[PDB]
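Just below is one structure, and these are the notes that go with it.
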Amino acid sequence: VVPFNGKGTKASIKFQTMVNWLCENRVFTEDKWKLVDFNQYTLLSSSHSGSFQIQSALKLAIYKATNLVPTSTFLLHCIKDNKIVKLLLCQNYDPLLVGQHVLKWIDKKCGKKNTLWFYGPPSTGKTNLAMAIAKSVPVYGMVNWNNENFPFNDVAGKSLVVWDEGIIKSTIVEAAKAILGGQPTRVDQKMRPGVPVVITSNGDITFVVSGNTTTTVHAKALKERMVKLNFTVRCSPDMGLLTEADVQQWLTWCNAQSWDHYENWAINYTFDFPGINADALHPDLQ
Amino acid sequence: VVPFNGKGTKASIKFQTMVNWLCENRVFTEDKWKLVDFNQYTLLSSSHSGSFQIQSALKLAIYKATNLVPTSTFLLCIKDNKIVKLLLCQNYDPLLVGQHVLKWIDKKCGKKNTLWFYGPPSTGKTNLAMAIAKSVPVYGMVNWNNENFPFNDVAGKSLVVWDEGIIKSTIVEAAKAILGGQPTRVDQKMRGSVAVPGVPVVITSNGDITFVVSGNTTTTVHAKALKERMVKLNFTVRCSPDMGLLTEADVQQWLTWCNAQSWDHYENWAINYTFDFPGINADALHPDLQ
Amino acid sequence: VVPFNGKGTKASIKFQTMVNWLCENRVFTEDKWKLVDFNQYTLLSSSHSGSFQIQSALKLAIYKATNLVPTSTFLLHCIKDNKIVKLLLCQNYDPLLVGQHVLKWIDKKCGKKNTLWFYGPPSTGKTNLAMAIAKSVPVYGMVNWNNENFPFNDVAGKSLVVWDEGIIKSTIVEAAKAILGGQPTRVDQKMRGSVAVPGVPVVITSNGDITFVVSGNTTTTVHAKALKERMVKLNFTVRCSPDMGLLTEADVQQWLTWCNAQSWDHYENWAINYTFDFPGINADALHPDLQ
Amino acid sequence: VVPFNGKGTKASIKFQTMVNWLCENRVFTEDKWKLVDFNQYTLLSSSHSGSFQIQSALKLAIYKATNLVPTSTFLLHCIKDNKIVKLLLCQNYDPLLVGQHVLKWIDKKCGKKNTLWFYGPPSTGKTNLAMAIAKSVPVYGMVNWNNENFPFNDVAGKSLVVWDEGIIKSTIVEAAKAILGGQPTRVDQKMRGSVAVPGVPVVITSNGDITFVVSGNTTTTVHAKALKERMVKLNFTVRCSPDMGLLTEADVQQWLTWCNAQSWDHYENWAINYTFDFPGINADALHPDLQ
Amino acid sequence: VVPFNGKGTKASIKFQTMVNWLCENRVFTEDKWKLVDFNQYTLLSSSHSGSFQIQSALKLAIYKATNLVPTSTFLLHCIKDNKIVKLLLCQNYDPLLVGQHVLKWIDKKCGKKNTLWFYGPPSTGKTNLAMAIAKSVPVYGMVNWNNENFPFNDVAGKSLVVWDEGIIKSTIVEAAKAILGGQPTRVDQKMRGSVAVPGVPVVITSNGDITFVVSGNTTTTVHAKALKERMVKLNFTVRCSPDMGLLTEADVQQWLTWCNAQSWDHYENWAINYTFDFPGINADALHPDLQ
Amino acid sequence: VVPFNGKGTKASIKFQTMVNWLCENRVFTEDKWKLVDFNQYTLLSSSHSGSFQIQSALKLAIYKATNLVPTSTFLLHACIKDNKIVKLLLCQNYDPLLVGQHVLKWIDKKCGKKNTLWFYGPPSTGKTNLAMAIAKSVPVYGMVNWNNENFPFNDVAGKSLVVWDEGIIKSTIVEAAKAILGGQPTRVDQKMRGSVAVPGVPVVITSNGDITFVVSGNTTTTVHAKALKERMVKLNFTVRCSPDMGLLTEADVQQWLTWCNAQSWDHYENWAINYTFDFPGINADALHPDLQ
DNA sequence: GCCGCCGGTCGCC
DNA sequence: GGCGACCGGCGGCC
Ligand SMILES: Nc1ncnc2c1ncn2[C@@H]1O[C@H](COP(=O)(O)OP(=O)(O)NP(=O)(O)O)[C@@H](O)[C@H]1O
Ligand SMILES: Nc1ncnc2c1ncn2[C@@H]1O[C@H](COP(=O)(O)OP(=O)(O)NP(=O)(O)O)[C@@H](O)[C@H]1O
Ligand SMILES: Nc1ncnc2c1ncn2[C@@H]1O[C@H](COP(=O)(O)OP(=O)(O)NP(=O)(O)O)[C@@H](O)[C@H]1O
Ligand SMILES: Nc1ncnc2c1ncn2[C@@H]1O[C@H](COP(=O)(O)OP(=O)(O)NP(=O)(O)O)[C@@H](O)[C@H]1O
Ligand SMILES: Nc1ncnc2c1ncn2[C@@H]1O[C@H](COP(=O)(O)OP(=O)(O)NP(=O)(O)O)[C@@H](O)[C@H]1O
Ligand SMILES: Nc1ncnc2c1ncn2[C@@H]1O[C@H](COP(=O)(O)OP(=O)(O)NP(=O)(O)O)[C@@H](O)[C@H]1O
Ligand SMILES: [Mg+2]
Ligand SMILES: [Mg+2]
Ligand SMILES: [Mg+2]
């Protein structure tokens, strides 16, 4: 399709450059814009025609960073020295395979398996790793911030949805089957792609509370849409916060490795994530 | 009736050209506009006025594509077409089916405004319906609408799709009007006349929809009335588990070939419309498909 | 009343010319404007000013076509070969006397009797003649469109009100009497602001008697006296052959033009005291051409 | 005090002239403006600024004609030929005193006695006289048009209030005392930021005694003392000819103008202390123009 | 806190001059503006951008007159012929102390004794005196105008709150205690910046003791001690002449002009220990002009 | 981060200068602006354009004062024996050095979990006077008594200090109380502002009785007593004061905090390693000769 | 105050 | 006389 013949003025080209600048520096919120470049914000807020451009540029930047650009490219920029590499080795999970899956999972290339699940005892580092990814993607949203009876508001536009210490109520289970499966909401269909979801919890989430009693009616359907990871070993208190770079170096290194190994397991996506294969451990990871 | 003797400035001519450019490339949604041409959208959205124009152009393009141009214009060797292969296995005449579709999609079938596909599951009922629905500019599903108000925003659509639907006794009164091509009161009260918009309808189902659900029971009072407005097809043959997603290109090829052939056979059946679509006539098969 | 001494730029003259064109070409809805002239609509819809001018011009054209010009001028333009003339003769009715009645009724000059009633067996063409007149006037409103509990909405700014198969309920019989009698609605008395507001002609086609107002689950005849004061009745008893086809506004314009061309004293004799029932064909009084 | 030493631009002076012209020709509604001058109305409504100017100018003209200018100026321009003059002789009322009393009453000069009451048998012309006077003043409202539960809404901005065949209810008896006595509502107090501003003349017509306020399904005389002080009572005892016809503003203006030139000193002989019942004709008090 | 430089253009300078002219001639309401300078109001309403300036200027003028100017300056410009001086002597109170106290009171300088209370039999002129003071401040409000369940709304933006024929109920005792004592309401606290001060003076007229709180169908005295500390009580016992007439600004300002010129020693001696009652005439200290 | 290479007109530079001027003069409300400078306010409100500029300037100035500039810089300034606050602290048996130094960290949200100060003691001992003295120095603060009874924590965001005077905690709102008193932002704060974490507002509480006991109907419950103790710091005002010490002023606060900033921080670092619910009292020998 | 458009008039055909 | 493109004016925008 041939684009239109419209030629813009100086102001329009300046606005387009401003949108590119906002998209490049990951400035998607007013607070972030004030914290980063207060001078330009003060200059723009002087009048109506300046204030409107702020909202327009923010919306266009969000759309460009979410829909028109692959999210994985936002994450890609001594492999053994990375904290995350050691952490997955302790949990007997191959750092390479889990890294490759995240790239496909964030890129909606895993089919119906749109949801990741971290399972283990409390204080094993589940939320620390999960929250590290949420700070690496352009925009993220948490279920906890939403209303108690409307947990899935403002799902469209997010690069990732995080559900920390969550549990599924039978009154809203039908909505969970859609989003966790990646099916678009009916509102999205009417007005016009799914959003990856990550869930961390202490118990078994496949059990659904129904009244004052637990039930297993929906246990079968939720299993196909999810991948389970076991974080059993307690973490030392000195680990601290995981930096966005630690994710960046880990994902970038895993990207360049041979991909054919991941495709073999990708033929039949199992609900359970396979453990470390000692015969396939990379030499640099040792 | 003479067009007004006004003259357009250089600014309005650009808007008029953009309106034609919208219809030329079948872009009718803001998402499609963003996906196809981002630079022009970004340039337009940097000024109060620069926006009033996006919505105005979209509205004008929708109206022009839906009402001022025949729908079939958007649709217009043959043995290799998957659509023909589909209807061949289903014991129906591939040529005669398309010739009715063109008259049906153009609101030229009188009271029989509704088409119905029926059969066991995994027989291609839904795949064929979406292939037609993708080709038309604008289409809407009854599934997306509210349960208590299934017929909202029917106007402005070139087609309406109803997937695995069931008719309830509460909505049987509104269903009869929309399925029969009769204009709704909302359009009548707005437009000014008593008959204007026109909406084709296509329905798929695994069960007989002529039966109406009332309470926890099923009645047959409205069966005769719904039979007049509808046309039935029986997809009773299991399809080969190899066929893929039917595309608009497949439909356009099927309709283009069927359009130019002889139209002498169709109008004989058009004198009296049978409730069931006629099946394969062995002697009347076109020599191309023998 | 000397007009104002104001003056306006070329844009205002263009707007006035556009309003005059809308009045001339009989365009009164946005969809009609889109159908007749898409180019001018697309040019006008390029900015806020044009989109406001569209609504202003539409409203002004509607007002001019409704209140600034007598409705009869929108109807004027072998007489025996006219389909409508045959129909009234078949129904044993004089075409001239009916036509001359319409030209005074459509202009609200008949006073209290603002309503015509078409009554008789079904499928005799009662709706066909009623709708034919409606399609000729600038704009008409139908009671069937309006909501269940509020039938008399959107009456203002209309030329003709059509009500087919109508039944008067006791709940709304009081509001019904106002419009059917030519009395103005009370909201127009204040929104316009004095008792100078006019009313709208009403035409009713029914298969049964409408003087029997429905109350609950029982028929009552207390209101029959008041309704008969305001109404004129016709009887479509003789069913027509199913080959008359859809009547056209050209037939109405042709028939109405001929009626005004003849003598008017013939109708004036019956105008001294209007009768509820319409007198039938008189062989002596028939027009020389129609014989 | 000396007003602001401003300098009106070219456009603003046009607005001032338009506002003056609207007041001059008594054009107070959009529907009146369309009939009087459609040209200027279209030229103005050609754009947003013109519509805003129309909306502002209408309110300014209403304010100028209501508050800043006395109403009597629009009433003031042999006498035996006047219809109204003969009418009051039938009801044994002196036309001169009635004319003089109305002129002082319309401008809120009577103080407490702010209400005039017409009473008598039906068909004596009680409504005919009230309507003619009402349509002479620029803007008037009717209690009938207003909401049943809120009959005294939209009081401000009216030069006269007309109440036909009214009956006072116990639910609204308290609000009626203020309006009939010229007491402004709290809206005219707190939003107009004072204790009292308008005078809102009110006229009432009835066939029975309105001082008997209905209480539930019973009649009570508690409020008889309070209301009878606020009103002035006129009795239309004699039924007039059926062919009196509709009165017009021309008859109203001529009658008031003639009463203006006559002697005034006779009026205040009684006006120092009004009585509830209007005094009748005495042969001595009859002017020679009517003898 | 040196002012910003901000060199303004002629458009803003003219608006500032208009704002000053508003305060100078006491034009604080739209109705007063229309009644005083109609030409300027007509010119200003010719456009939307000109109509916005009226609402911009009125608020600033009201704020300037309320907070940026001492209220007593609006009061201060033979003596033995002033009606108030004569009236206060009839009640056996010293006019000089009353006038001196009022000026100190209106500027909120009495401390916690913010509210004045006038009590006595009817027809003693209590209400007439209260109106004269309220008519002289820029803007005044009433508790009578407010809603029954929320009588203490719209407190801000007023220089004096008048409560005529007042009485205190138990459902509003907590609100009345704060307002009568000068304590700012929580609205000012959450709109301005923490415990401010503006408050408002209050004047009360009553025919009965207001210290008796009405609860249910029983009179109670729980808050009698708390209320008395906040008011200064005056007993208006002597009936006044029926034909005294209303009081005006010229009477109050003339009276207040004399009082300010005298020494503050007489007042400041009693001001050290504020009493609930006000001292009467002392022949040992009556001013020579009033002897 | 390289700032966007745009350049503003004369009006934009003037507006930025006005925003700076509003910050420098501690003007944050319409009433304060009208009181300080009526002429500029009139000039701005003369037109529709300036009425929007006023609101934008105020909204930007509040944000600049609250989030961009540390609050403690508004306390420090650009006869120590005679300072009124020093005497008042000595009357109530507390070291003026440690009280001032702790404030400079509590007001800057640097104390970690212990985000609140608690004043306890009999009436008329000077609890209210000192509490309001700190508030008058910070740019903008909000007091709880203004809000609705059922909604106590409205408009908490965008304030430098939260004042709660003689208040008592109820079980119906004890769940929200542990949030602000703990320094973790409310749920709506993250959503409207994208980040799971945005620092909280310091809180100062005065009380005549022990607030660690929560009202539960017509009954006192102590289930939440433990949870409040690691969020709070307690000071006891056990000595009454004579009516010879009027309202405290910002001048006293600035002088007091200025001296506490210049002295060594070793006496604070010893206690700051492990915070205690009880604030240690006067040490007889540790008192520096500048206050002996 | 900002960026847009309609419009007049002089400049050139 | 006609066609051209230039700059200044004005728009509405809460
Ligand atoms: N705010 C923090 N500052 C420093 N270290 C932290 C912080 N939060 C967590 N950690 C460290 O991160 C590791 C685990 O963090 P945490 O988020 O509590 O893990 P978890 O297993 O997801 N916990 P839980 O929420 O109990 O399931 C430990 O080494 C902690 O010391
Ligand atoms: N992604 C796909 N979408 C549609 N059809 C598919 C797809 N993949 C394979 N097919 C095959 O294509 C044919 C179309 O089947 P489908 O249209 O889903 O059946 P149907 O009869 O309309 N189903 P039902 O919804 O039960 O009425 C079948 O043979 C499918 O097995
Ligand atoms: N599509 C049509 N359907 C029916 N009648 C038609 C049609 N087109 C033309 N006509 C003519 O219209 C005549 C009847 O018109 P119609 O208005 O339906 O009658 P009616 O007496 O008003 N009907 P009803 O509503 O049953 O009382 C027929 O006899 C035909 O001559
Ligand atoms: N066109 C006319 N309209 C009204 N009244 C007319 C007309 N022509 C003559 N009249 C007479 O003029 C008088 C007007 O009376 P009118 O004001 O309608 O009633 P009223 O005396 O107030 N009584 P009522 O309405 O019965 O309570 C009556 O005597 C009518 O007969
Ligand atoms: N029109 C008037 N306006 C004001 N004061 C008047 C007026 N006429 C007389 N007066 C004087 O005011 C006195 C009563 O006025 P008013 O202000 O109502 O007094 P009051 O003692 O406060 N009344 P009350 O409300 O009965 O307790 C009369 O006795 C006259 O001296
Ligand atoms: N504006 C003032 N007026 C009077 N006394 C004041 C004022 N400001 C301070 N004081 C005095 O300064 C001291 C401060 O006491 P304060 O801080 O109010 O004590 P408290 O125990 O918190 N009060 P309370 O509110 O009764 O619980 C007291 O002696 C007050 O009387
Ligand atoms: Mg956690
Ligand atoms: Mg299907
Ligand atoms: Mg009184």
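Residue numbering restarts at 1 for every chain of the structure tokens, chains are lettered A, B, ... in their displayed order, and ligands are numbered from 1 as they appear.
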| Residues near region 262-278 of chain D, cut-off 9 Å, only C-alpha atoms (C1' of nucleotides), skip fewer than 6 positions along chain, as a PyMOL selection string | chain D and resi 93+96-97+100-101+110+113+228-235+285+287
Cut-off 7 Å, only C-alpha atoms (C1' of nucleotides) and all ligand atoms, neighbours of ligand 8 as a PDB file with N, CA and C atoms, in the first residue's frame:
```pdb
ATOM      1  N   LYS B 125     -18.655 -25.192   8.268  1.00  0.00           N
ATOM      2  CA  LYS B 125     -19.719 -24.195   8.339  1.00  0.00           C
ATOM      3  C   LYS B 125     -19.159 -22.809   8.640  1.00  0.00           C
ATOM      4  N   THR B 126     -18.334 -22.703   9.680  1.00  0.00           N
ATOM      5  CA  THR B 126     -17.801 -21.417  10.112  1.00  0.00           C
ATOM      6  C   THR B 126     -16.712 -20.885   9.190  1.00  0.00           C
ATOM      7  N   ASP B 163     -22.880 -16.697  14.765  1.00  0.00           N
ATOM      8  CA  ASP B 163     -22.204 -17.984  14.866  1.00  0.00           C
ATOM      9  C   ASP B 163     -22.855 -18.821  15.963  1.00  0.00           C
ATOM     10  N   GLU B 164     -23.181 -20.076  15.628  1.00  0.00           N
ATOM     11  CA  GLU B 164     -23.826 -21.042  16.532  1.00  0.00           C
ATOM     12  C   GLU B 164     -24.850 -20.376  17.448  1.00  0.00           C
ATOM     13  N   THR B 204     -24.886 -19.658  11.224  1.00  0.00           N
ATOM     14  CA  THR B 204     -24.401 -21.027  11.321  1.00  0.00           C
ATOM     15  C   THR B 204     -24.921 -21.642  12.613  1.00  0.00           C
ATOM     16  N   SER B 205     -25.132 -22.957  12.603  1.00  0.00           N
ATOM     17  CA  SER B 205     -25.666 -23.635  13.777  1.00  0.00           C
ATOM     18  C   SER B 205     -25.494 -25.138  13.631  1.00  0.00           C
TER      19      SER B 205
END
```
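Neighbours of ligand 6 at a cut-off of 6 Å, computed so that only C-alpha atoms (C1' of nucleotides) and all ligand atoms are counted, are the residues residues 122, 123, 124, 125, 126, 127, 128, 129, 241, 242, 243, 245, 246 and 247 of chain F.
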| query | If we count only C-alpha atoms (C1' of nucleotides), what is near region 164-173 of chain D at a cut-off of 8 Å, once residues fewer than 2 positions away on the same chain are taken out, given as a list in words? | reply | residues 127, 143, 144, 162, 175, 176, 177, 204, 205, 206, 207, 210, 211, 212, 213, 214, 215 and 216 of chain D
| field | Who sits within 12 Å of residue 14 (chain H), only C-alpha atoms (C1' of nucleotides), same chain under 3 positions skipped, as a PyMOL selection string | value | (chain A and resi 48) or (chain E and resi 48-49+52) or (chain F and resi 48-49+51-52)
| Once you count only C-alpha atoms (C1' of nucleotides) and all ligand atoms, which residues end up within 8 Å of ligand 3, and could you hand them over as JSON, numbers by chain? | {"C": [120, 121, 122, 123, 124, 125, 126, 127, 128, 129, 164, 165, 205, 206, 207, 236, 239, 240, 241, 242, 243, 244, 245, 246, 247]}
| remark: In Å and to one decimal, atom 11 (C, counted along the ligand's line) of ligand 1 is distant from CA of residue 278 (chain A) by 28.7 Å
| said: Can you pull out the residues contacting region 240-242 of chain B? Cut-off 12 Å, using only C-alpha atoms (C1' of nucleotides), and skip same-chain residues under 3 positions away; I want them as a PyMOL selection string. | reply: chain B and resi 82+85-86+89-90+122-124+237+245-246
Store the residues of this selection in a file with N, CA and C atoms, as a PDB file, in the first residue's frame.
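Contents of selection.pdb, freshly written:
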```
ATOM      1  N   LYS B  82     -10.471 -23.979  -3.709  1.00  0.00           N
ATOM      2  CA  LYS B  82     -10.893 -24.757  -2.549  1.00  0.00           C
ATOM      3  C   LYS B  82     -12.392 -24.629  -2.304  1.00  0.00           C
ATOM      4  N   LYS B  85     -14.120 -27.058  -4.467  1.00  0.00           N
ATOM      5  CA  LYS B  85     -13.896 -28.389  -3.912  1.00  0.00           C
ATOM      6  C   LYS B  85     -14.765 -28.628  -2.684  1.00  0.00           C
ATOM      7  N   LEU B  86     -14.949 -27.598  -1.855  1.00  0.00           N
ATOM      8  CA  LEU B  86     -15.783 -27.733  -0.667  1.00  0.00           C
ATOM      9  C   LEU B  86     -17.226 -28.050  -1.042  1.00  0.00           C
ATOM     10  N   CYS B  89     -17.811 -31.692  -2.519  1.00  0.00           N
ATOM     11  CA  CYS B  89     -17.939 -32.771  -1.544  1.00  0.00           C
ATOM     12  C   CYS B  89     -19.279 -32.707  -0.823  1.00  0.00           C
ATOM     13  N   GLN B  90     -19.845 -31.510  -0.689  1.00  0.00           N
ATOM     14  CA  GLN B  90     -21.082 -31.314   0.056  1.00  0.00           C
ATOM     15  C   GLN B  90     -22.329 -31.515  -0.795  1.00  0.00           C
ATOM     16  N   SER B 122     -17.313 -29.689  12.435  1.00  0.00           N
ATOM     17  CA  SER B 122     -16.128 -29.941  11.609  1.00  0.00           C
ATOM     18  C   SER B 122     -16.504 -30.254  10.161  1.00  0.00           C
ATOM     19  N   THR B 123     -17.499 -29.534   9.639  1.00  0.00           N
ATOM     20  CA  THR B 123     -17.886 -29.649   8.238  1.00  0.00           C
ATOM     21  C   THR B 123     -17.715 -28.340   7.475  1.00  0.00           C
ATOM     22  N   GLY B 124     -16.929 -27.404   7.995  1.00  0.00           N
ATOM     23  CA  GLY B 124     -16.631 -26.172   7.297  1.00  0.00           C
ATOM     24  C   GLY B 124     -17.703 -25.106   7.337  1.00  0.00           C
ATOM     25  N   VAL B 237     -21.556 -33.501   5.318  1.00  0.00           N
ATOM     26  CA  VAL B 237     -20.414 -34.336   4.958  1.00  0.00           C
ATOM     27  C   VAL B 237     -19.196 -33.873   5.743  1.00  0.00           C
ATOM     28  N   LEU B 245      -7.101 -22.346   6.302  1.00  0.00           N
ATOM     29  CA  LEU B 245      -7.894 -21.126   6.399  1.00  0.00           C
ATOM     30  C   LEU B 245      -8.286 -20.607   5.023  1.00  0.00           C
ATOM     31  N   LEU B 246      -9.586 -20.545   4.751  1.00  0.00           N
ATOM     32  CA  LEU B 246     -10.055 -19.961   3.503  1.00  0.00           C
ATOM     33  C   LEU B 246      -9.818 -18.455   3.509  1.00  0.00           C
TER      34      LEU B 246
END
```
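In this structure, CA of residue 92 (chain A) sits 11.4 Å away from CA of residue 281 (chain A).
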| message | Nearest residue to chain E out of D:27, D:187, D:130, D:179, using only C-alpha atoms? | response | D:187
| message | DSSP on the backbone: which residues in region 38-187 of chain F end up as strand (DSSP E or B)? Give the answer as a PyMOL selection string. | response | chain F and resi 116-120+141-143+161-165+170
Take the residues from that selection and put them in a file with C-alpha atoms, as an mmCIF file, in the first residue's frame.
```cif
data_model
loop_
_atom_site.group_PDB
_atom_site.id
_atom_site.type_symbol
_atom_site.label_atom_id
_atom_site.label_comp_id
_atom_site.auth_asym_id
_atom_site.auth_seq_id
_atom_site.Cartn_x
_atom_site.Cartn_y
_atom_site.Cartn_z
ATOM 1 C CA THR F 116 6.018 8.623 62.083
ATOM 2 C CA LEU F 117 6.586 10.745 65.184
ATOM 3 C CA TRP F 118 4.246 10.425 68.172
ATOM 4 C CA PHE F 119 3.691 13.087 70.837
ATOM 5 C CA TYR F 120 2.244 11.817 74.122
ATOM 6 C CA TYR F 141 1.009 20.042 54.496
ATOM 7 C CA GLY F 142 -2.371 18.462 55.164
ATOM 8 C CA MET F 143 -4.057 17.875 58.520
ATOM 9 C CA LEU F 161 3.694 16.530 55.925
ATOM 10 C CA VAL F 162 0.588 14.891 57.403
ATOM 11 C CA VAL F 163 -0.706 16.283 60.708
ATOM 12 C CA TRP F 164 -2.950 14.213 62.987
ATOM 13 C CA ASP F 165 -3.950 16.054 66.167
ATOM 14 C CA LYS F 170 -10.556 2.869 64.809
#
```
| task | Enumerate as a PyMOL selection string the residues belonging to chain G that approach chain B to within 10 Å, with only C-alpha atoms (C1' of nucleotides) taken into account. | result | chain G and resi 2-6
Next, the residues of the selection above should be written as a short mmCIF file (atom, residue, chain, number, x, y, z; two decimals), in the first residue's frame with N, CA and C atoms (P, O5', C5', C4', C3', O3' and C1' of nucleotides).
```cif
data_model
loop_
_atom_site.label_atom_id
_atom_site.label_comp_id
_atom_site.auth_asym_id
_atom_site.auth_seq_id
_atom_site.Cartn_x
_atom_site.Cartn_y
_atom_site.Cartn_z
P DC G 2 3.18 31.25 21.76
"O5'" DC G 2 2.56 30.15 20.79
"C5'" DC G 2 2.25 28.85 21.29
"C4'" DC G 2 1.43 28.07 20.29
"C3'" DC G 2 1.94 28.13 18.85
"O3'" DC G 2 2.03 26.82 18.31
"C1'" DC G 2 -0.37 28.68 18.94
P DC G 3 3.12 26.47 17.19
"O5'" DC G 3 2.26 25.94 15.96
"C5'" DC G 3 1.38 24.84 16.14
"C4'" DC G 3 0.19 24.93 15.20
"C3'" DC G 3 0.55 25.13 13.72
"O3'" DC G 3 -0.20 24.22 12.93
"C1'" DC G 3 -1.02 26.75 14.41
P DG G 4 0.21 23.94 11.40
"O5'" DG G 4 -1.16 24.18 10.60
"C5'" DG G 4 -2.35 23.56 11.05
"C4'" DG G 4 -3.54 24.49 10.90
"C3'" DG G 4 -3.81 24.96 9.49
"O3'" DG G 4 -4.64 24.03 8.81
"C1'" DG G 4 -4.12 26.72 11.12
P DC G 5 -4.68 23.98 7.21
"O5'" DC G 5 -5.71 25.15 6.83
"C5'" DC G 5 -7.01 25.16 7.40
"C4'" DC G 5 -7.67 26.51 7.20
"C3'" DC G 5 -7.86 26.94 5.75
"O3'" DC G 5 -9.22 27.29 5.52
"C1'" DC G 5 -6.85 28.68 7.00
P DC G 6 -9.82 27.27 4.03
"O5'" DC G 6 -10.34 28.77 3.82
"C5'" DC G 6 -11.13 29.39 4.83
"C4'" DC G 6 -11.03 30.90 4.74
"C3'" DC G 6 -11.47 31.50 3.40
"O3'" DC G 6 -12.31 32.62 3.63
"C1'" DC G 6 -9.30 32.24 3.95
#
```
| task | List all protein, DNA and RNA residues that have any atom at most 12 Å from ligand 7, counting only C-alpha atoms (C1' of nucleotides) and all ligand atoms, and write the list as a list in words. | result | residues 118, 119, 120, 121, 122, 123, 124, 125, 126, 127, 128, 129, 130, 131, 144, 162, 163, 164, 165, 166, 199, 200, 201 and 202 of chain A
Residue 193 (chain A) surroundings by only C-alpha atoms (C1' of nucleotides), 8 Å radius, close-in-sequence under 4 positions cut, as a short mmCIF file (atom, residue, chain, number, x, y, z; two decimals) with N, CA, C and O atoms, in the first residue's frame:
```
data_model
loop_
_atom_site.label_atom_id
_atom_site.label_comp_id
_atom_site.auth_asym_id
_atom_site.auth_seq_id
_atom_site.Cartn_x
_atom_site.Cartn_y
_atom_site.Cartn_z
N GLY A 182 -4.79 -16.22 26.23
CA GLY A 182 -4.38 -15.30 25.19
C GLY A 182 -5.48 -14.87 24.24
O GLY A 182 -5.20 -14.15 23.28
N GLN A 183 -6.72 -15.30 24.47
CA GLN A 183 -7.82 -14.88 23.61
C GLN A 183 -8.16 -13.42 23.87
O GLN A 183 -8.26 -13.01 25.03
N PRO A 184 -8.34 -12.61 22.82
CA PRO A 184 -8.68 -11.19 23.03
C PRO A 184 -10.05 -11.04 23.68
O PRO A 184 -10.95 -11.86 23.46
#
```
